[PDB]
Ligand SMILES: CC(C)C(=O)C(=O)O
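Starting off, we have a lone chain in the form solved without 3-methyl-2-oxobutanoic acid, written out as structure tokens.
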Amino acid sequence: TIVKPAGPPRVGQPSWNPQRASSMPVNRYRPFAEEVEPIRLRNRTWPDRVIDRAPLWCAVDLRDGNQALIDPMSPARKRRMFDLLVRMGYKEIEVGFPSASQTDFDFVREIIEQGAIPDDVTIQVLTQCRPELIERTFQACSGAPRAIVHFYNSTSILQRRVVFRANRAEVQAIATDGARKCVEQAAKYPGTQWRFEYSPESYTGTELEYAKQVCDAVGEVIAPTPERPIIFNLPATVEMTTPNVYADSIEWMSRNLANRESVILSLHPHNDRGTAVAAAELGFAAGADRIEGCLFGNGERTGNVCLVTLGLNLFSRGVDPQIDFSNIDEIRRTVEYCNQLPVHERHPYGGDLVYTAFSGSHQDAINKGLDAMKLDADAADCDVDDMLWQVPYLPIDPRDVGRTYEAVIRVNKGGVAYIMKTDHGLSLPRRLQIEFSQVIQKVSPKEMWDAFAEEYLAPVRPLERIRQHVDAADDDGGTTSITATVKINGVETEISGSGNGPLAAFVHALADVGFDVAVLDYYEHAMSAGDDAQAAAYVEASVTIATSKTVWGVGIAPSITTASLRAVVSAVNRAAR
């Protein structure tokens, strides 16, 4: 159980701080400077640098993220993850560890053999330095027009001591021999353009002078040039300290590595201390050229730096990430499919709750910011969606990620969706729950229902539907025509249209009378069991009356066909409120 800290306060601890020494065994842990080495960089320049271009991005989802899963990816999930990364615009993709995993081997064969790799994409494969594992890495890759062989070995103070029980020259030689084997294998395969990446694995627990020594030594072997450079990848395999010390280390490495013009400086931060995004951002500022990571932070334990957070962290401060995130829910769905692990509710940019507001004053402020943007657009004759986003509490326009701002209204166990289904038998499409909470925002169960009926069910002006005649074609693929008796602002009129179904027909019938309903989406469900249940239909439409608003329509009827036509009328009249 948890017991209240009860030791004396520190010596010199101020009077206004009543905290107590805990009995946590801090003696078992040391400051990073004593665990590893003091990193002094008093002339650092990274704190004075604001990032202004995308890094070279490398997605490791298919290796590092895969390694990390309760259920590793099936051949299908591998392939889906691969096509998402390509389609988002990543150019370096680490596709597996084929010398260590027959399923990685099969996967790399597949993508080579079936032409899944675009000509601007370089596949990357991980290997350890054992020469036969390196041989089989090249074999995996046979037929690739180009590939990065990523080789590595652990170089930490603690691993050299207790894992390898090895000296500095011995641990360096693992890597130089690895490098040598890479050079000889590349020459045995002139059909692939080969590139190299070397990681001093557990870099963050390694002396920087030794990290430099091993990398320089590896570079001497590979012999890279400005046109044919090497990636030195510097991982925080364990994130051991604050991101500034990581940054200081990258700046030192950037200035001190031999042959710096023939180096792509790559970062690979983990998240043990919760600051993996900060390490990537600070370390990029420090002179790195490239960042390895995963969509939504997937990877071993606390994960790899999140490539979504890093990309939109650029977008939202005016830098093009060079990666498409304009449908973040498609990315999220694909990612959760592949990894079979949910993105958290509060995950930056992509979590369920991140475009929500629960505070009444946040809501009021957001509405004023939105209004003031809309006034400025009319003045400038511009589309508000093209202008400087200026809205309190929302770092970005959610529309720019295919998401919607949502004010969440508490209903006096609860919530709109929930009381609507339970007490009224309506399962409201999510974007209908959004739009209607916006209405309540301008509450008890009864108040919400009354408001709901006011917006969606009761209105009869400008459009009312009295009756209609549906002529459905008997033959599949045939035309449906409709004549309907409608009142337009109380005036009885006769409307007619045709379409591939009854909703299409009724939509074309209304166009002739000055209501343009451009239908975006449609849902329907029974309100009970039995062939004679009521049908509730929901229609999303961008509607124009003789400017255009997106609104929802709701209709309820004994007939599935009719419930759908009611929804349309509902929609039309909602657009006029």
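Heads up, when I say rigid core I mean the largest set of C-alphas that superpose within 1.5 Å between the two forms. Heads up: residue numbers just count along the shown sequence, starting at 1.
Just so you know, the form solved in complex with 3-methyl-2-oxobutanoic acid exists too; it's not on screen, but the next bit is about it.
Listed residues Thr155, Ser199, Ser249, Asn339 were compared with 3-methyl-2-oxobutanoic acid in the bound PDB entry; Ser199 is the one with a heavy atom within 4.5 Å.
For the options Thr206, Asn298, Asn233, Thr137, the residue carrying a heavy atom within 4.5 angstroms of 3-methyl-2-oxobutanoic acid in the bound PDB entry is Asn233. Checking 164-172, 263-271, 322-330, 378-386 against 3-methyl-2-oxobutanoic acid in the bound PDB entry, the stretch whose residues place heavy atoms within 4.5 Å of it is 263-271.
Proximity of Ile482 to 3-methyl-2-oxobutanoic acid in the bound PDB entry falls outside the 4.5 Å heavy atom cutoff. Residue contact with 3-methyl-2-oxobutanoic acid in the bound PDB entry: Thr237 places a heavy atom within 4.5 Å of it. Using a 4.5 Å cutoff between non-hydrogen atoms, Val149 does not count as a contact of 3-methyl-2-oxobutanoic acid in the bound PDB entry. In the bound PDB entry, no heavy atom of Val343 sits within 4.5 Å of 3-methyl-2-oxobutanoic acid. Using a 4.5 Å cut-off on any heavy atom, the residues of 53-72 that reach 3-methyl-2-oxobutanoic acid in the bound PDB entry are, in sequence order, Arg63, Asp64. Just one of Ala33, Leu69, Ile51, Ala533 moves its Cα by 2 Å or more between the shown form and the other one on a rigid core overlay, and this residue is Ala533.
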